[PDB]
Each structure stands twice: as C-alpha cells, then as structure tokens.
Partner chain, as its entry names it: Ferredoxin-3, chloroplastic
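Heads up, the chain below is alone and in the form deposited without its partner chain; it's given as structure tokens.
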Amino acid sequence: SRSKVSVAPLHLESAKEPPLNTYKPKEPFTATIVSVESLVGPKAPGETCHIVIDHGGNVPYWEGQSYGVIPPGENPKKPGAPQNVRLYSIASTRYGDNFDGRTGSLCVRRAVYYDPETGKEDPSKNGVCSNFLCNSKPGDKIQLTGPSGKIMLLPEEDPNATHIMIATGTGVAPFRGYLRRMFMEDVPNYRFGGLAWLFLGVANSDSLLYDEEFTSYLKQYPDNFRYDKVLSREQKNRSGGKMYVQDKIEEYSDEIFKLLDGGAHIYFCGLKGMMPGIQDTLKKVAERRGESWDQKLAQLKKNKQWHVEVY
C-alpha cells in the first residue's frame, strides 16, 4: 500500500486563495459529528481526542488553518449572549480523513481542573469547549466558524523545499495535515520530493499522538522524512534534566542551521510555554556559530521562513 490514496474532489486544488471567515460567529454553520475517539493511553496525564466533523463540503479549508467552535450555553460573563469562539487547528487535509472533501478533523486536549492541594477535580472549573468536544457522540451538532489563519499555510511554490516542524501536544495538528498531503494523498499538482522533519514533544509514550501514522512515513519515505520524539517524563537530557524539544533541536543544531541557511521553513505549534526554552537554545547555537540570533531571526521572518502559532 505504498501507493498514494485517491482523493476527491480535485476541484479543491483550483482555489487561488484560501477561504477565510466563510462563516462568522453571528451565523455559524451547523456541522455534524461523525466520530470521536481517544488518542492516548492510560498513562497519559490527560485525555486528547480525535474528532471527525461532517461539514458536507460547505466549510472548505486549506492545510494549516483553524476552525472556530462555539460551545452551547450562555456567556458566563455576558448573560443571554452566546459563548465565545474557541479556535482549533485542523488536523486533517482539505480532503479529510475520508478522502472525500466532506469532513474535517480536530485534535482536542481535555482541559480539566484539579485543586493543587487536595488534588480533586472540580467539573465547574473544567474547560467548556474542550470537554464539550471530547464528550461528543456521532450525530451531535456543532456550531462551526471560520476557517481562519494564514500563518500556517503550507508554502508549496517549491515542491522540494525543506520543512522542519516542531510541535508539543496538540500542536501536532497542522503537521498531520501537511504530512498526509506530502506523502499519503494522490495530489497530481503537488508531488513532494523535499525533506520533512517532524519533532514531537509529549509527556510520555502513552501521550504520543498519531505515532503509528508518522512511523509509517519513515518506512515508506526514508529519504524524505525524519521523525524525532521527545518524551519529557521518560527521557533525560545530557545534564540529568527533563528532556524537552529544544534539547533535541540542540542535538541536531548544526544540521538545522545549515538547512535554515539553505532556505528551509521552520514551524512551531502547540502550547506557548514551549517557546521561551526554544528561543534560548536557538540563541546559544546562533552565537556559537558566530552570529546574532536577533539578526538571524529578523532575516528568517523577512524571508518568510518563520512560522509560529502557539496558544
């Protein structure tokens, strides 16, 4: 099955610009849930679920964009008014998990609150939209807005470009979409022949997301895909400290900077708390090479090689 999967409808490749704000909070699109499944094992710190939504082709999007979801209920801050929209990176390609251009998928981490002293959960303080989504069942309706976002659109001008993707937790979402388009789907107008390098940081092996899918790419395209996993609570860096993504980046610092100097695109997606540590590491490596990171970063942004979407 090393052959690419047929996708339809191909007219989704005809759009010159990505759709933006097709639906707004004022009048959202009522989509329907197809399936919801847990992506993690028993040892994971929290639950992360995969949700497939049927939009019937009414809310098309491009890889890297986000869907807005308006949970039911009233705005706890504004009685009578609807809940605020919560954004979620789309984890599927424009064709969707069913390869028919009718569905989109979300990768959602259940936000739960535990009292730091007693350690007991308090449902009244849990995340409204994330729990609403992972508690959903087939047939349930969901209010969708968007799509939104242009920061994470995939640069396709060069089919042989290099893309270095760095994610933590649910930040892997857009990359699942990128990778399916690059290696799984039969898209005649985009034949990827460059290098895709995915770095994924999670708590432990039971918290890995879509591992079987990414591992399959390693076996099928050894010369075009690299995959490095970082399990914070199971691995230690060269110092006895907890292993984080920036530690793995430092290990490949020489090759990564060579690729960046060569025009590679670098992406960061996931929880914002991941950036401080990465920035410090990149700064150190840059100065080691004799360069000012502030100046190199300014150049990367000017060249449109720097893509960041954290939350």
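Positions refer to the first chain, counted from 1.
FYI, the form deposited with its partner chain bound isn't displayed, but the following is about it.
Shown without its partner, this chain lists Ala111, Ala81, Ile151, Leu218 as candidates; in the entry with it bound, only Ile151 has a non-hydrogen atom within 4.5 angstroms of its partner chain. Out of the listed residues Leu20, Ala15, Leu10, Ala298, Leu20 is the one that sits within 4.5 Å of its partner chain in the entry with it bound by at least one heavy atom. Highlighted residues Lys4, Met182 and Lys248: none comes within 4.5 Å of its partner chain in the entry with it bound, counting any heavy atom. Picking from 101-109, 154-162, 83-91, 209-217 the stretch near its partner chain in the entry with it bound, with a 4.5 Å limit on heavy atoms, gives 83-91.
None of the heavy atoms of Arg289 is located within 4.5 Å of its partner chain in the entry with it bound.
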